[PDB]
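K.L.:
Enclosed are the sequence and the experimentally obtained structure.
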Amino acid sequence: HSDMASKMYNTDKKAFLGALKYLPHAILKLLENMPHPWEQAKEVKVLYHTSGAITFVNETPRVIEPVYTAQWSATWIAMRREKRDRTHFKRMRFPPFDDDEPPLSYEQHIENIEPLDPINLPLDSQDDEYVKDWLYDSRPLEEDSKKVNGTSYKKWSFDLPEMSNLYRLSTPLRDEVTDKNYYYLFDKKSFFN
Amino acid sequence: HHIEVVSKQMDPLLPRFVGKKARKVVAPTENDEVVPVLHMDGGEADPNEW
Amino acid sequence: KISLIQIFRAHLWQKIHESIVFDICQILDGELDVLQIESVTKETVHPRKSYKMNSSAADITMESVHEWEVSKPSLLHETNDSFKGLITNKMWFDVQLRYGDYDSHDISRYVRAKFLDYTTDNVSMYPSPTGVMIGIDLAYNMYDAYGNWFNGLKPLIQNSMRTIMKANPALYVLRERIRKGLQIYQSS
Amino acid sequence: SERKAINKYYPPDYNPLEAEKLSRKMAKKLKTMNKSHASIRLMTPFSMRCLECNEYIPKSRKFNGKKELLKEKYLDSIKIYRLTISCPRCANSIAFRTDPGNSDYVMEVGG
Amino acid sequence: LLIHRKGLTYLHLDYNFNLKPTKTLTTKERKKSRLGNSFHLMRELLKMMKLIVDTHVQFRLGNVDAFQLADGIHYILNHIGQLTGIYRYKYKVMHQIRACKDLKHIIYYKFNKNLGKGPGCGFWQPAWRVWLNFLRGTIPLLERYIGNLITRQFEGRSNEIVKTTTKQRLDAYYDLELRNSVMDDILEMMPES
Amino acid sequence: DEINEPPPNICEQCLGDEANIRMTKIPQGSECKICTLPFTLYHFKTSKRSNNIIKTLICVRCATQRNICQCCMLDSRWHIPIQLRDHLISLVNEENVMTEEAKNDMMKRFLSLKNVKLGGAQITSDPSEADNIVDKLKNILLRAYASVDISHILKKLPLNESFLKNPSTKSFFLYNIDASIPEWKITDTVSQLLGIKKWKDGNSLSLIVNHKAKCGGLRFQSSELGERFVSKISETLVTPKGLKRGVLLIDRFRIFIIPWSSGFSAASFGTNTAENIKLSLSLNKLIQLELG
Amino acid sequence: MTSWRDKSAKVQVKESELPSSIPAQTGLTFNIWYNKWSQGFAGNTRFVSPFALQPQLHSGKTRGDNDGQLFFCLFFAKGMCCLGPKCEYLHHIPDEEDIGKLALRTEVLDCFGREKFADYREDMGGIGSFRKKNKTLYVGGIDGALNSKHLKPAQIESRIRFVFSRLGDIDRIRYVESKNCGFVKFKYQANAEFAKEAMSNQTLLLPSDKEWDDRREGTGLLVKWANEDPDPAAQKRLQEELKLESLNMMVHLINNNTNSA
Amino acid sequence: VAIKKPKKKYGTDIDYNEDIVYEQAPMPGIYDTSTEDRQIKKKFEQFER
RNA sequence: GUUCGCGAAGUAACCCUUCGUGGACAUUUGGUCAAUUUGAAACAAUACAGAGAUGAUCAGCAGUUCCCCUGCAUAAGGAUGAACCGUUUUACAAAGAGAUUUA
Ligand SMILES: O=P(O)(O)O[C@H]1[C@H](OP(=O)(O)O)[C@@H](OP(=O)(O)O)[C@H](OP(=O)(O)O)[C@@H](OP(=O)(O)O)[C@H]1OP(=O)(O)O
Ligand SMILES: [Mg+2]
Ligand SMILES: [Mg+2]
Ligand SMILES: [Zn+2]
Ligand SMILES: [Zn+2]
Ligand SMILES: [Zn+2]
Ligand SMILES: [Zn+2]
């Protein structure tokens, strides 16, 4: 469906045009499933029209909230160590392509190359032995039958050493306040008043 | 002839109701019977006051 | 916008940029023997290059007989240079034109930022390393050069640019179309 | 699309200076270039009387009419124009002259 | 395909989703080619979507480090007010733009503790959530808007447009009802003929 | 009424021979061929393994006003086209019945929304009013250019030679061809006579007939077929000078033949329409001279 | 049989040899919805068909013969079918056996399967009307077909008699020199619909002529549907054959009432 | 050479010469206008001749 | 092809291989749609016309339409969006005079 000049494409042109109302839903499902900084690549499950009109990403990105806080906290640490020791950080140019050149195809250009290393904190082995095997997976502990229900990925359950280890990584992003008297005239009931 | 009537599974992207346009139609009047306009007869005297 | 279209009409931005590139070459061959060039060559310039702020290339390329010893890349009004760093045979120029604002109009910062970005970029094609980059702010008629010099050009190029910024016929068209848009005359 | 548009899309292979040559050569062959009588919307400042259908152009009535640069040149150098106007009842063109020394107009054929 | 079905072949839609005219337009063309909010607000969403997808393409092609990719996405989501122009066509997005600006002040002055002023902060997770919640609320909007646009293409506009009264036409509609009431009361006082 | 709509009017021969037919209803399918206004498209297939979808082309209102089916648009009784139906009733009532149709789009739509019957649709859809007219059809079955210089052309037409066995020619000259009697009917009569049927595959015979000049010629490939064409024709007419001519015998007509003994080609008959009429006028005397 | 059923149908044009789907450029920008050229004027837009049907050569068995297809291949008639023996539609000149299959179907749609219309197109071109069983073609545009050879007034008719005789049984062929146009009437409508698409945009040259290398440069001939024949020598033939058609139908129709009783 | 028709401004523009425009036929009457229809048709066909 | 049987041959000794033969497992896709001229996009351009109420120049709202266009729109634009600006004869009678009939 690059060059739709034939008469056979007359029905499929109507399919492209009548899919334009569903296109904001395809943008939300694509941007919510965007790969996080510790991921090289991300296989998503898609639903597509058979005329190639629309391609919805048919997944919802669900995470373990203590694991997800620990993953961003490790990249928060890894990016403050990065900006500390880089001699010069080259921010890229926007937009990354010229508007005359078409979006180059995935298979002739992207798929053949080794991706890169992502942002991963090194995870010292004696302090982080319970998480370092599985912390930076796409879906962490997805096929472990005792930590999660299964590959439908709901209702996790951890042990104490794994849970205190994620607690320890998460210290740049945790709450760090334990008494509720800190929120005295600063809770939402005082905000409503 | 006993004929089963079924519905076609529409494509959700193609416009359903392909024959539906915004067109304008004039309609004929179906006048089979005349309605008798049943007034009364005629207090009809009138000067030039009106 | 319409004042800027009337000021920069008839492709003046491109005609300004060819005028500095031509005026540098007329000063390079005037003192060509002390520099010991075999030839100074202005390159074939893409017409979109003069107003392409994304990337650039070299304009004027210097080929040398003996192998030049260049310094560390320093600013135009730098005092001293240590020429013991790199020993190259070929240098380049780039003439950059920008239009400043109230915020970002330090031409010394702009030329250093572009030189340290374009030489580290893989897409921006320079024929050799160890070149200089001349930047001119067309809004504030300021000039600055940032790059490594081999010898003698830093007093030569700063004496040349003081003549160029006053005597360039394309810059005179720029300064006159500003004064007609501004309706300012100079008494006495 | 918009009254004010910052960017007009050019073809990906284009340049301004090579076009100026090319465009100038095209500018000799068109029918719009060779005929230059300027078409201008105007009002007549000096009531008319038609000479064929004796219609009267009230006081100052709108016309889309035709301005022509006259071969004459008032004094050593002052421009002078000739304006033409069609009649509402009949097909007839009436002509002007703009005298710069005597500020009022003087007219000719048809009115 | 929507541009070209409307006969607007003198408008060029770039690959970075910039819409520019290819020639100096006549007035009947400028009236005809005046696209509405639902076209442009759909076009600016695709500009925002492509601009994020292109940075992952730049990362995968080898041109961009993983720290620059995380900084690149953090730059996009905080500067959509100057990289797209989405605010021109739905100015309620000013809330989402000043939310991502206010999140940037919180993130930077916790990221840049004991660091210098520089680019490489890539904690794009809070500003990512703002736009995903903006996309949550304009799915029902643009499905209604573009759905009316496409059915107006396939079917034409309705002929039964009945204009409501407004401040613009209140004095006009007052007289049409006042003249009918006077014409009624006199036509009933008349004896005949 | 969009929720109360009539069932579709389709023929029995459109539906075919099978008992149960799976038909697909689309509530606003195509627009009508006649009134250009939308309707419920029914479409179906005769058998399950068929390869032709039979669509309903017209709406039910246009099918009722004409009393025709929606698929093949023949009349529901008598299964004939509309143009032949309104011509058969015109032979009974001795006045022209005719359904007239709009060429304007606002009047194609207007003419459909009225509840009348059109043409012969009052006669048909009443079985009493249809059957007596069939009985009235049965009584009908109880009845059951003088200025032209043509002399250059008539030298080339044979007109003076005889239809014997002895000349062995490919071409022949057929004259006395009426303005009726199509070109296919003369090739079929010759090919029936020789048994060289499906002649257009092998190209055994090639025939040119003018229909203005009332004359023609037929050329054979393989001259041995020429003696088969001579010998399979029995009846001949001898002109009272001599010079016997064979008769081809199209039903009720008589077509005379003489061996050309060369290939006549096109344009032998005439090179202008005004010129060809005088050759038929030239011949009409020779036919009367041949017979009487 | 010997010409048609014996062999199988042959690929006329290779699929790489098929023409480009975009038309010849008559505008400034191509339009993607309507596959046409937009800006600029409209220039001309009729060209000589590069392809032509050799009826005794290209005919043969196809996939549609074994499947019981009723409809003829449209691009067989244009000389353009790339599928050959793998094509779902028929690749032969219509015969009495073929039109007998189409007898229930020809009333609403042509021999190629395309649906007919209420009234004719304005220039009498296109598919046809179901309201008139038209069997007569208007062969026009002969000057661009001949590439402006003078030939004559009889030769031109000889070309028309040679070409259209291969496309089916013919009722009559009339050529009018003053109007420079021909009228070909067929025995069946299905041949007339077949020969209309076969001879649209073609050329009546033959190779035996010098211009055969420049056959593509011309305009091409128009085969369109013919109007009624205005002379009363033919008008009386129309009501005579309409009379015989009515008597042949009344015999068929009283047997329906005989069975109904 | 025939007279050219006026060009259609819009899509459903009506050729009033082409057809009886919005044919509101008279209501069916009892008095049997059958000989009268023949005589007008003959008189109208006579007028066109 | 798989699986359960039954039979025959060979290796066997009841198992393996071969081919005969009953079962079971699995069961009717798609098309409203064919690939350039002849079944229907439009715009630009050339030429001509030239722009509501008035004396002249301007703001506009509506209305009736078997015109619509842009717009998401029941908001608003489209020249006050356009078209209007022409054509124009009988429910027809009473009274009171001079020529022409008539028979
Ligand atoms: O110039 P300032 O007013 O002091 O602020 C700047 C400015 O951000 P703000 O103006 O919103 O504060 C820079 O970004 P822009 O505003 O130009 O988009 C930002 O740099 P980045 O956006 O690239 O991160 C920089 O912060 P930093 O130097 O840490 O990058 C920050 O200065 P402060 O950090 O002092 O607020
Ligand atoms: Mg308005
Ligand atoms: Mg208005
Ligand atoms: Zn006048
Ligand atoms: Zn209908
Ligand atoms: Zn039927
Ligand atoms: Zn085929």
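P.N.:
Okay, I see it. Numbering: from 1, shown residues only, chains lettered A, B, ... in the order given. Ligands and ions are numbered 1, 2, ... in the order given.
K.L.:
Longest helix in the chain, by number of residues?
P.N.:
Using chain A here. If each helix of chain A is counted by residues according to DSSP state H, the longest one is helix A:65-85.
K.L.:
The intended chain is chain D.
P.N.:
Determined from DSSP H, the single longest helix within chain D is helix D:16-26.
K.L.:
coming back round to it: quick one: the longest helix of chain A to chain centroid distance?
P.N.:
Relative to the centre of its chain, helix A:65-85 is centred 14 Å away, using Cα atoms, centre = their mean, to the nearest Å.
K.L.:
Counting by contacts, list what that helix packs against.
P.N.:
In this structure, helix A:65-85 packs against helix A:160-169, helix E:66-78, helix E:94-111, with contacts taken as 3 or more Cβ pairs under 8 Å, 6 or more residues apart in numbering or on different chains; DSSP states H and E. (C-beta placed from N, C-alpha, C; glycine too.)
K.L.:
Quickly check: the first one near chain E or not.
P.N.:
What that stands for is helix A:160-169. No - contact between helix A:160-169 and chain E is absent, the nearest approach being 15.2 Å (criterion: Cβ under 8 Å from any Cβ of the partner chain).
K.L.:
Give me the distance from that helix to the chain's centre.
P.N.:
Using Cα atoms, centre = their mean, the offset of helix A:160-169 from its chain centre is 22 Å.
K.L.:
contacting residues for residue E:50?
P.N.:
By Cβ atoms under 8 Å, 6 or more residues apart in numbering or on different chains, the contact list for residue E:50 reads A:103, E:16, E:17.
K.L.:
Separate out the buried members of those.
P.N.:
Neighbour-count burial within these applies to E:16, E:17; the criterion is 16 or more other Cβ atoms under 10 Å in any protein chain shown.
K.L.:
Contacts (any at all) between RNA strand I and the helix or strand that residue D:40 is a member of?
P.N.:
For residue D:40, the enclosing helix or strand under DSSP states H and E is strand D:38-43. Yes - in this structure, strand D:38-43 sits against RNA strand I according to Cβ under 7 Å from any atom of the strand; the contacting residues are D:39, D:41, D:43.
K.L.:
sorry, back to before: what's the longest helix of chain A in contact with?
P.N.:
Taking Cβ under 8 Å, 6+ apart as the criterion, the residues outside helix A:65-85 that touch it are A:36-38, A:89, A:119-121, A:123, A:131, A:135-136, A:140-141, A:158, A:163, A:166-167, A:169-174, E:67, E:70, E:111, E:115, E:118, E:120-123, E:125.
K.L.:
Please flag which of the residues you listed sit within strands.
P.N.:
Secondary structure assignment (DSSP state E) places none of the contacts of helix A:65-85 within strands.
K.L.:
any residue of the strand holding residue D:40 up close to chain E?
P.N.:
No - taking Cβ under 8 Å from any Cβ as the criterion, strand D:38-43 and chain E are apart, separated by no less than 15.4 Å.
K.L.:
ok, the following helix or strand past that strand near RNA strand I or not?
P.N.:
Going down the chain from strand D:38-43, the next helix or strand is strand D:62-69, by DSSP H and E. Yes - if you take Cβ under 7 Å from any atom of the strand as the test, strand D:62-69 does meet RNA strand I, through D:62, D:63, D:64.
K.L.:
Grab the nearest non-local neighbour of the residue nearest in space to the middle of chain B.
P.N.:
Centre of chain B computed as the mean C-alpha position; nearest residue by Cα atoms, centre = their mean is residue B:27, 6.1 Å away. When the adjacent residues along the chain are set aside, residue B:27 lies closest to residue F:113, with 5.7 Å between them (Cβ to Cβ, 6 or more residues apart in numbering or on different chains).
K.L.:
doesn't residue B:29 make contact with that neighbour?
P.N.:
No - with contact defined as Cβ atoms under 8 Å, residue F:113 and residue B:29 do not form a contacting pair (10.1 Å).
K.L.:
higher neighbour count, the two?
P.N.:
residue F:113 (15 against 6; other Cβ atoms under 10 Å in any protein chain shown).
K.L.:
For the more buried one, list the residues it contacts.
P.N.:
Taking Cβ under 8 Å, 6+ apart, one finds B:25, B:27, B:28, F:61 in contact with residue F:113.
K.L.:
In those residues, which residue is surrounded by the most others?
P.N.:
The contacts of residue F:113, ranked by neighbours (other Cβ under 10 Å): first place residue F:61, 19 neighbours.
K.L.:
Which parts of the chain are helices?
P.N.:
Went with chain A since none was named. Assigned helices in chain A, in chain order: A:10-17, A:23-32, A:65-85, A:160-169, A:188-192 (criterion: DSSP H).
K.L.:
nope, chain E please
P.N.:
When assigned using DSSP H, the helices of chain E occupy the ranges E:2-5, E:27-32, E:37-60, E:66-78, E:80-83, E:94-111, E:125-155, E:170-189.
K.L.:
can the first one be found next to chain A?
P.N.:
Going back to what we said before, that points to helix E:2-5. Yes - contact between helix E:2-5 and chain A is present through E:2, E:5 (criterion: Cβ under 8 Å from any Cβ).
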